[PDB]
6 protein chains.
Amino acid sequence: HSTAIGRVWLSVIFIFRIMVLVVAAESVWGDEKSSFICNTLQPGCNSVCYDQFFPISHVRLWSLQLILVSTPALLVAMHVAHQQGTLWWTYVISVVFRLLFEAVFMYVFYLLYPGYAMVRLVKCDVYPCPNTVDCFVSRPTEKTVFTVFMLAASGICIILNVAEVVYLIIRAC
Amino acid sequence: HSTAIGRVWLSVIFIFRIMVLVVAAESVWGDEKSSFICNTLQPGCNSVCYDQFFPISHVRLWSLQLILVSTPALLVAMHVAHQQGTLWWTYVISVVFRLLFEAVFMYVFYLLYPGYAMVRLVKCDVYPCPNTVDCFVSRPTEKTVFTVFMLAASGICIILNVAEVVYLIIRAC
Amino acid sequence: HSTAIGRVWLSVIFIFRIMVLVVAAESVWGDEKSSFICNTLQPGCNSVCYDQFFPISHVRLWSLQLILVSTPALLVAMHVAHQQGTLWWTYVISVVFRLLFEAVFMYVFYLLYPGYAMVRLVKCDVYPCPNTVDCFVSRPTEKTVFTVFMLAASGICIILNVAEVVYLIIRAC
Amino acid sequence: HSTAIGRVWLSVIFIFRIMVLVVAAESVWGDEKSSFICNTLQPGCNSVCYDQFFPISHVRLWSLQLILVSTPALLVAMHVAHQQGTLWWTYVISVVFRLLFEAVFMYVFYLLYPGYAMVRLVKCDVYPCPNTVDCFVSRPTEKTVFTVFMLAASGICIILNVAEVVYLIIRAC
Amino acid sequence: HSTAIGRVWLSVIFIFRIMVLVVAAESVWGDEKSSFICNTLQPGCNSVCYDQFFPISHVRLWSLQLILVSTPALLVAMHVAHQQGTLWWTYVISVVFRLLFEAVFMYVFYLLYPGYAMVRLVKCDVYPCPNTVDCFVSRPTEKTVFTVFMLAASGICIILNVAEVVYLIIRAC
Amino acid sequence: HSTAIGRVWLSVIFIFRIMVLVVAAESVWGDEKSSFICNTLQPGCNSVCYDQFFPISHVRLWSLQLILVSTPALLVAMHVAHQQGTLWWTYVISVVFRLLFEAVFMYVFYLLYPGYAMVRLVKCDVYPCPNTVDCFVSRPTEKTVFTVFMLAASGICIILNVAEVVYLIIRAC
């Protein structure tokens, strides 16, 4: 029932995000916290500083995004298999929710990590760490590269979803 | 035999909980105890303080909940395959037990963790740790985010199960 | 050839034990010995004290129990597939051996771990540890919770197997 | 083409050895060398003492044994599938080689580990460790229990293979 | 629709790259950063020096390359399955993009790692490491061997893709 | 199209090498470098000495050998499936290349590791390690046993491949 821009391109880009996330989950972000060390001798400051600068990691943000993005698609597949009416409205609503999930997660990424580029050193000033301590991020450049790849793919998904809605509206009218 | 509110929505939400739990099991809670350190030099206080504040972890609580929730569904599938009567009563009983398991595990979550928000620092006062020691939770914010997601999905399951019972009762009458 | 009490309930409970054991194997008991530390500075006392108090871990005891319990079931399936007589006697013998394996492993659990509740601190007095040393068990409460779940499921299996034998005897007579 | 004593019992026991070995490979013998510590401060003596007392571990000895035992069975299956004559001689030869592999590996186990019972402490006197040092085996009792299970299953395989040869000879004559 | 030089040789070489990358991902590059130590006592200099000399690791560069190389192939397969016109132009465009991805990633490898040979010692001069510190690469020779294998396979892919384009053009004309 | 000596024996031996390599990859060679320690206090000498004495590990040498050995077999399978002429010449060429790969990798094993027997202690004299330092190999005897098994299987493959060529030549003439 889908048009060519979402049947082929959107599915392939989604598979691309799946494969990239799987590669970068255990490998790039495997030692995100274990190798996250701070210049201070205060016990327990590695954990609090890591949590302060990484409230939720990129992989798990992308993992949650991919699950949320695929949820309307899973709903349609579950709904179609059980019904088998006007399923066109159901599909366009699912695409709209998919677009909203992409936009929301991209905006969440902007809020959580202002500036899509990891930095080697982060200035951590939180209890119990005295004054400001220097904590070092594991693989900042590698994480930045995969962040650019995932964000670019997400932006492509946003554009493709918008084109999907426009194409379906034009098809209806 | 199920209605639309449980055939599609409840199944999709259950799959959502499965995928989120799988993502958050090895990744978020992988280093829950290894990186759980306390400010004291007393040997063995990391283990006792972790056990005191985490009698059972969220992932394993959710893992047990998902197994328990799916158990009445597994019973019906096993019963139907072997019988192949009035299976409607069997299904509604399974839904009621599924609702009870969701409510019980949510209440257990309330008892074990009063306040659905991890804190960076926990005040541990237990033998052999002298007086009160400061122990630090690994990824408190990330665990809090996944706790909110899982609890929200569980609440949706509770609402959907209640709607399932009401819809079936209305269908019968 | 089986009756309803073992065809459905016993199989589901067995699957429940499988899923719970898989969840609790790598997660709960993954760091049973690595995080098992003692208050003494004597080298090698962590290993000997862990072995003294845990001659065989609960997961491996349950893993061996599940393999042993499923062995008569595997024998019948292997025997039936190769024969395809009076297979009723073969089935009831397999159920009896399954019941005996459940009872033996439960009794073994009683002998190895008198008192089905882990304790945070264990008093270890064994060579080369001088006098008595304080060793700390990893996740004592979480292991206790899963021990209760597994033992309760095993007790249900014992009751269901006894009911299976009684039902088959009543059916024959 | 096989008789009942090897078609059912031998196959089930082989599956039992497979399942037990898989359970005991990553779990029991996972930390065989990492947690193998010696009482000396001499660097590198943990490795040489572990190698001296464990030239080849039980799991890998059993893993090699299971591969070798299944090799004549794999040869027959490969030979039959490609031929599809007097395959009875081929089968009995495979059983004889299977029996020889079981006996050889059991004898190898006797030579490598005289006395089928792990000991907590081993007296290591090898370069560069000065004089005799005390090294501690990880999970000696748990490894002993699984050693007894595997050796008992191997002995059952030896008896079943001998019965297989005798039954086939009686069938021929 | 493909000719023999790409249907057989290109596919086999791609499978060769997949298998080699899988073997060398967890094994060779598993401890790339954990065992990457520097001669300095400055905290956090292992991470910054590793990132400076390895902005993105070879395995993840190859993993991204393989995903990108297979993307036009995945697009054609997705497009063909949904269409089922002049698909010859679509295929040759996919081959051209595949060739460009191979060339771009090979050039990226040249830029990121000038000189396709790992060195045991790297001179790291970056904040906060004082002056120049000596950092040691894990398995430099083994990584060099797999780098040569992967680059040689990539060069073969480039040559085969060029031959694919030439053969198709000759076939058309 | 293959004769009996390569259809059955060569395939079974190849499967034997696959299973042995899989068993010995994560288990025997899992801690090859992590537990490779040297008697010196010079930082970074564990890595350089390990690389000096193990330019490429046995498992990865065998993994590359198995991929290379199976490559001509994969080429024939890919070629046959796409053609479906004189495929006999193609098969014998593949066998010859398979024999050459076996011989080349065995000779490479001789060059990289002169003497097919691991030694507990290796005399490392390389920068920055001062003079000659004593480094200890992890599981030298266990690695030696698996080296003998793999080399013996490789020698059997060489003999079987030579017999395959001779048998095919005799069949043609």
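Here the Cβ positions follow ideal geometry from the backbone for every residue, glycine too, while neighbour counts run over all protein chains shown. Taken together, the values in this text are just the output of simple stated rules run on the coordinates, not laboratory data.
Dividing the Cα convex hull volume of the range E:26-69 by residue count, how many Å³ per residue is that? Kindly include the intermediate steps, with their values, before the conclusion.
Working: hull volume 3.2 nm³, N = 44.
Value for the range E:26-69: 72 Å³ per residue.
On alpha-carbon atoms, Rg over Rh for chain F using Kirkwood Rh? Mind showing how you got there, number by number?
On the way: Rg = 20.0 Å, Rh = 18.1 Å.
When Rh is taken as the Kirkwood radius, the ratio is 1.10.
Shielding by partners for E:39-47, please: the mean number of other protein chain Cβ atoms within 10 Å of each residue's Cβ. Kindly include the intermediate steps, with their values, before the conclusion.
Values: counts 4, 1, 1, 1, 8, 12, 1, 4, 12.
That average works out to 5.
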Label model pair B:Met106, E:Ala103: point-to-point distance (7 angstrom along the Cα→beta-carbon line) in nm is 6.0 nm
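Taking the Cα centre of chain B as origin, work out the dipole magnitude from +1 charges on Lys and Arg Cβ and -1 charges on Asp and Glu Cβ, in debye rounded to 20. Don't skip to the answer; put the middle values down first.
Numbers: 10 positive and 9 negative charges, 72 e Å.
Dipole size: approximately 340 debye.
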In the neighbourhood of D:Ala4 defined by beta carbon distances under 15 Å, the net charge of the other residues (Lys, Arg +1; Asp, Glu -1) is +1
If each K or R counts +1 and each D or E counts -1, the residues other than A:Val126 whose Cβ falls under 14 Å of its Cβ total -2
With the dipole of the protein assembly as shown defined by +1 on each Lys or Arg Cβ and -1 on each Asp or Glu Cβ, the option from A:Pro140, C:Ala172, A:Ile37 whose Cα lies farthest towards the positive pole is C:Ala172
Copies of D:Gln42 compared via label points 7 Å along Cα→Cβ give distances in nm, shortest first, of 2.3, 2.3, 4.0, 4.0, 4.6
Note on the range B:81-173: alpha-carbon gyration tensor, axes a ≥ b ≥ c; rule is a/c under 1.5 for rounded, else prolate if a/b larger than b/c, else oblate; result prolate
Taking only the alpha-carbon atoms of the protein assembly as shown, the convex hull volume per residue, in cubic angstrom, is 214 Å³
Once the dipole of the protein assembly as shown is set up from charges on Cβ (+1 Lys and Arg, -1 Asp and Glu), the residue from the list E:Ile159, D:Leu21, B:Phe149 lying farthest towards its positive end is E:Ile159
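Do the sum for the protein assembly as shown: with -39,500 (n - 2.57) for every DSSP H run of n ≥ 4, divided by all residues, what is the mean residue ellipticity at 222 nm, to the nearest 500 deg cm²/dmol? If you can, show how the numbers build up before the last one.
Numbers: 30 runs with 660 residues, N = 1038.
About -22000 deg cm²/dmol.
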In debye to the nearest 20, the charge dipole size for the protein assembly as shown, taken about the Cα centre with +1 at each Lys and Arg Cβ and -1 at each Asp and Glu Cβ, equals 1920 debye
Taking the alpha-carbon centre of each part, the distance from the range A:79-95 to the range F:114-173 in Å is 62 Å
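Can you pull the mean other chain C-beta count within 10 Å for peptide E:7-13? Don't skip to the answer; put the middle values down first.
On the way: counts 5, 10, 3, 1, 4, 8, 2.
If you average over the peptide's residues, the count of other-chain Cβ atoms is 5.
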Largest first and rounded to whole Å, the semi-axes √(5λ) derived from the alpha carbon gyration tensor of the range E:1-97 read 41, 14, 10
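Quick check on packing: order A:27-39, E:102-114 by the mean number of other C-beta atoms within 10 Å, highest mean leading.
Listed from highest to lowest mean packing, they are A:27-39, E:102-114.
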With label points set 7 Å from each Cα along the Cα-to-Cβ direction at A:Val96 and B:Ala117, the distance between them in nm comes to 3.4 nm
Scanning chain E, every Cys lacking a C-beta partner under 4.7 angstrom -> E:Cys157, E:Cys173
Counting other chain Cβ atoms within 10 Å of each Cβ in C:119-129 and taking the mean gives 2
